[PDB]
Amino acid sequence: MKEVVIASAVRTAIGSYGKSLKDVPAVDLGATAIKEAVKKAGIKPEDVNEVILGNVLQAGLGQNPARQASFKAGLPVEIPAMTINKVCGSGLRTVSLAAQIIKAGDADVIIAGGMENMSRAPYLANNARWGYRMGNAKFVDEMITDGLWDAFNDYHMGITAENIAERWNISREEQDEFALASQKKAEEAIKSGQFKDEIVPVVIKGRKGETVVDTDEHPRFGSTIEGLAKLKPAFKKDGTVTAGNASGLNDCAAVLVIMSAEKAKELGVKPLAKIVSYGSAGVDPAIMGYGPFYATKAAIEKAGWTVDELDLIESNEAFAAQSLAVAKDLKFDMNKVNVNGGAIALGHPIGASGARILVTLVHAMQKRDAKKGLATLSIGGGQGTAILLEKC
């Protein structure tokens, strides 16, 4: 097989629900990231063979959101594009799909990653076409239905976290301590400039002014264990899961240029990392948060690695409960996990999230000179996906 590398890795800041990125469509976040990713790779727009982007809340975004992001980015109309939906895994899975297509001999350069604007999701009327006839009906929150609700069990993803808290015996306190540690890591990383290299600014041009968004806004600086302990349960009576130990609803795009090592050499690109292996797996939807266990095991086996060999790990924090279960069973050294904070603090912009963690991983590997890295995350509907990277 051809070897496959990451040439550049870029993301917008992660905006909070209804806040900083509320007026910026997902496809415009995506275009902002694409332009800057192409520029950071040091290639020309004409060098890209395909665009593959994750997006989950596609409702009313218009034909083929990936194609829209591409066009708005200045990429030639000649380049094909497609939009992938694997829920939370979308943005990570496009990167392994890119690797697969390159290994198949069909391209040398692919723009991958994902984009999401949860703040902009519509409401739906399911029976307006042919009519309600009589009686009240549901005005459906598309964000919940398309992104956050289990289609088999008829409950919120937060209930899948409670299921994991119950079965693995992970206490509210353990969940709150994990959340607090993520907040503290995120604050320290932001203030020490760890994200400065990876974040492309988004310029919001209104009728009257320009505003620049370039800082993650979701973290709660000065978080305390007492603050967390007082929070009410978010999903069920007497639940362990709360807004403080669950990831948020957020807006972001994150994009990587993926290439064959031989194309990168030819074009003078200095790659950030090699994509070593990857894997995807399914699990019972009721415990979807455990998906990364199987996906990580598959990818590691494929690579001929072990977990102990890993230098840095990004394991997406959909919920403390599930992150803890996964870490425990994979026996992670928690000092190597989400060293710049995770999604409890930073947010979870579902379509983008997988790509966002990989962006974060590859920049952290460069800065810390770490040789081997893992990114993996859980997927609503009962899946996991993972990618292993090696420094070039």
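The numbering used is simple: start at 1 and walk along the sequence shown.
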Comparing 172-180 with 114-122, which stretch shows the greater average C-alpha B-factor in the deposited entry?
-> 172-180
Mean Cα B-factor comparison, 199-207 or 87-95, giving the higher one as deposited = 199-207
Please pick out which of 386, 389, 1, 6 has the largest Cα B-factor as recorded in the entry.
-> 1
Considering only 218, 156, 129, 263, which residue's Cα atom bears the greatest B-factor as recorded?
-> 263
Comparing against every modelled residue in the chain, figure out the third that the C-alpha B-factor of residue 135 lands in (lowest, middle or highest).
-> lowest
Divide the modelled residues of the chain into thirds by Cα B-factor and specify which third, lowest, middle or highest, holds residue 331.
-> highest
Taking the values exactly as deposited, rank residue 256 by C-alpha B-factor within its chain and report the matching third: lowest, middle or highest.
-> lowest
According to the PDB entry, is the CA B factor of residue 283 in the bottom, middle or top third of its chain, that is, lowest, middle or highest?
-> highest
Taking the values exactly as deposited, rank residue 246 by C-alpha B-factor within its chain and report the matching third: lowest, middle or highest.
-> middle
